[PDB]
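> Generate coordinates for the sequence data below:
(one chain, ligands or ions: 2)
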Amino acid sequence: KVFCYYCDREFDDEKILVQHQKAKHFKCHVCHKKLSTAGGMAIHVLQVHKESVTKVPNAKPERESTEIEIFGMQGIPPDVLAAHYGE
Ligand SMILES: [Zn+2]
Ligand SMILES: [Zn+2]
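Numbers count the residues shown, from 1 in each chain. Ligands and ions are numbered 1, 2, ... in the order given. Below is the structure:
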């Protein structure tokens, strides 16, 4: 259907994808608040808990940067779409 930039898992639709992203990638490890982006998560952890997060949780090592803004399928670089749908 669609796939997650961070982990390459497939989902039947974007709504399900967004919930998975919030749960597995944008969740604060200390309090479990679900933020809306990986950047948002890292800023939360820092500001609330004073901890530095530089890797997205549960992500492939090449996808682990907090700096790219991914919302469901929105923001995925065209190269990564390519690599996923063949390779
Ligand atoms: Zn994922
Ligand atoms: Zn928290």
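> use CA for all of it now, contacts and neighbours both
Will do.
> what about residue 26, how many neighbours?
Residues lying near residue 26 (other C-alpha atoms under 10 Å) number 27.
> Quick one: residues contacting it.
Shown in contact with residue 26 (C-alpha atoms under 8 Å, 6 or more residues apart in numbering): 34, 35, 36, 37, 38, 40, 41, 56, 57.
> hmm, 6 Å instead?
Counting by C-alpha atoms under 6 Å, 6 or more residues apart in numbering, residue 26 touches 34, 35, 37, 38, 41.
> As JSON lines, the residues you listed with distance to residue 68, secondary structure and neighbour count would be great.
Below are the contacts of residue 26 laid out as JSON lines (distance: C-alpha to C-alpha, whole Å; DSSP: H, G, I helix; E, B strand; the rest coil; neighbours: other C-alpha atoms under 10 Å):
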{"residue": "34", "distance to residue 68": "17", "secondary structure": "strand", "neighbour count": "20"}
{"residue": "35", "distance to residue 68": "15", "secondary structure": "coil", "neighbour count": "19"}
{"residue": "37", "distance to residue 68": "9", "secondary structure": "coil", "neighbour count": "22"}
{"residue": "38", "distance to residue 68": "8", "secondary structure": "helix", "neighbour count": "29"}
{"residue": "41", "distance to residue 68": "12", "secondary structure": "helix", "neighbour count": "23"}
